[PDB]
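One letter stands for each residue in the lines below.
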Amino acid sequence: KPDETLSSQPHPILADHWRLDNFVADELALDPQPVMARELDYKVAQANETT
Amino acid sequence: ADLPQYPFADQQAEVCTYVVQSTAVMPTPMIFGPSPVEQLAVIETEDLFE
């Protein structure tokens, strides 16, 4: 088998917006947060970008 | 009932003057309660607890 490493994965910091995080609300979530296909790779179809 | 106070200038006046200092420390079975807090204008005006 070849190496199993994600060549296609957007940068969690530089790809998305630069934001000031409210750590108060961060610890207050205590719940699962959804993830879209746009955050996993850049070879996503236009329709499946928000899924 | 009426005691004339001869040596003083005024017989009917309250001749003496007193100053008291009573300090009491009373262990009690009283419960009391927790102190309250003051409204914060940063949480409702910015929604910190979103």
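Above this text sits the structure in question.
Residues numbered from 1 in each chain as written, not as in the entry; some residues may be left out. Chains lettered and ligands numbered in written order. Part of a larger assembly, values for the part shown. Heavy atoms only, no water.

Q: What am I meant to see in the overall build of chain A here?
A: Of regular secondary structure, chain A possesses one helix and zero strands. With 51 residues in all, chain A has 4% of them scored as buried. Of the roughly 5,100 Å² of accessible surface on chain A, a fraction of 59% belongs to carbon and sulfur atoms. Of the side chains in chain A, 4 bear a positive and 10 a negative charge, and the two mean positions are spaced by 8 Å. (Helix = DSSP H or I, 4+ residues; strand = E, 2+ residues; numbered from the N terminus. Buried < 20%, exposed > 50% of the residue type's maximum accessible area, 1.4 Å probe, protein only. Areas by Shrake-Rupley, 256 points an atom, 1.4 Å probe, with all protein chains shown as cover. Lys, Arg positive; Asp, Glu negative; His and termini not counted. Charge placed at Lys NZ, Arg CZ, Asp CG, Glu CD.)

Q: Explain the pattern of salt bridges here, please?
A: All names here are of chain A. Inspection of every chain in the model, using the stated rule, returns two salt bridges over all chains. Among the ionic pairs, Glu-39 bridges to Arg-38, the shortest N-O distance being 3.6 Å. A relative accessible area of 39% places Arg-38 in the partly exposed class. Between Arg-38 and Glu-49 there is a salt bridge, with the nearest N and O atoms lying 2.4 Å from each other. Linking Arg-38 in the segment after helix 1 (23-28) with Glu-49 in the segment after helix 1, this pair joins segments that are 11 residues apart in sequence. (Salt bridge = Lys/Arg side-chain N within 4 Å of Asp/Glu carboxyl O.)

Q: What am I meant to see in the environment of B:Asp10 here?
A: Residues and elements named next belong to chain B. On the basis of relative accessible area, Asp-10 is assigned to the partly exposed category, the value being 43%. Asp-10 sits 23 residues away from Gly-33 along the chain, and the two C-alpha atoms are 54 Å apart. Leaving out residues up to four positions away in the same chain, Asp-10 has contacts with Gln-5 and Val-15. Side-chain polar atoms of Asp-10 contact the backbone nitrogen of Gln-12, separated by 3.3 Å. (Contact = heavy atoms within 4.5 Å. Polar contact = N/O pair within 3.5 Å; in protein donor to acceptor, adjacent residues only side chain to side chain.)

Q: Explain unusual backbone geometry here, please?
A: A negative phi angle is the norm for most residues apart from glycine, just as the trans form is the norm for most peptide bonds. In this model, A:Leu30 sits at a positive phi of 55°, which is unusual for a non-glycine residue. Tracing the backbone through its elements, the reader meets A:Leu30 in the segment after helix 1. Backbone geometry at B:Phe32 places phi at a positive 60°, although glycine is not the residue there. The exposure class of B:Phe32 is exposed, given its relative accessible area of 65%.

Q: Mind showing me how you'd approach the side chain of A:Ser8 here?
A: Mapped onto the fold, A:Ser8 is located in the segment before helix 1. Engagement of the side chain of A:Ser8 in a polar contact is seen with the side chain of A:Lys43, the distance being 3.3 Å.

Q: How do you make sense of a nonpolar patch on the surface when you look at a structure like this?
A: There is a patch of nonpolar side chains on the surface, built from A:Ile13, A:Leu14 and A:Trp18 and spanning about 430 Å² of accessible area. Among the secondary structure elements, A:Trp18 is positioned in the segment before helix 1. (Patch = residues over 30% accessible without salt bridge, like charges linked within 9 Å, V, L, I, M, F, W, Y side chains within 5 Å.)

Q: Is there a simple way to think about the side chain of A:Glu49 in this case?
A: Residue and element names in this part refer to chain A. Engagement of the side chain of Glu-49 in a polar contact is seen with the side chain of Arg-38, the distance being 2.4 Å. Within the structure, the side chain of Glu-49 is placed 2.3 Å from the side chain of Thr-50, a separation counted as a polar contact. Discounting chain neighbours no more than four positions away, the residues touching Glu-49 are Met-36, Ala-37, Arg-38 and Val-44.

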